[PDB]
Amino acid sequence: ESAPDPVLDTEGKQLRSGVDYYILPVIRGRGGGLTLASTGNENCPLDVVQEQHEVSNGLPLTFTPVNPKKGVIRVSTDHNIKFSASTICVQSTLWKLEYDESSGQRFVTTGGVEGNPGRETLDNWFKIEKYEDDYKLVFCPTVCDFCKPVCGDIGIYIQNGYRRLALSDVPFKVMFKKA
């Protein structure tokens, strides 16, 4: 088969693994780039949120394809996503989807384990898909052929006053700025 298209940054260059990017909103006037915050009861692990302030790019992160050797970040392909800088938490900055019993939402949190694609890490794999002239983030892993993950587009869901990321009927349109 043809390889799926590379994801392009805001300067038109192919995204690569091991390179810092900001995930920025395409629709203006709602918030800034993606970042980490303590949203709930405990401080750690941190949750993935949109910055309150529109001027902020948020925090830089990287994408690592499921096929370790591969260097280009492509659409329709599972990735581990993690923020680059250290935080107040020992737990990793690697994105993980988690079901919240009290809201019925599936939120993006952190503390994910890297690699080992399969049922054991099912919730740690994310896709980028085309969305008009930009992109959206999607959870629908194909790392486990006998698993039946609950798939969805990632959108914004307000919880405890934070702009959390969760599976949503309204995709959050994003673009990728090389940091």
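Start at 1 and count along the sequence shown; that's the residue number.
- In this entry, the higher average B-factor at the C-alpha atoms falls on 36-44, of the pair 36-44 and 140-148.
- Mean CA temperature factor is higher for 2-10 when stretches 2-10 and 170-178 are set side by side in the entry.
- The residue among 49, 26, 113, 61 whose C-alpha atom has the highest B-factor in the PDB entry is 113.
- For residue 133, the recorded CA B-factor ranks within the lowest third of the chain. Only modelled residues enter the ranking.
- Annotation for residue 101: C-alpha temperature factor in the highest third relative to the rest of the modelled chain, per the entry.
- In the deposited entry, the Cα temperature factor of residue 127 places it in the lowest third of its chain's modelled residues.
- In the PDB entry, a CA B factor belonging to the highest third of its chain's modelled residues is recorded for residue 86.
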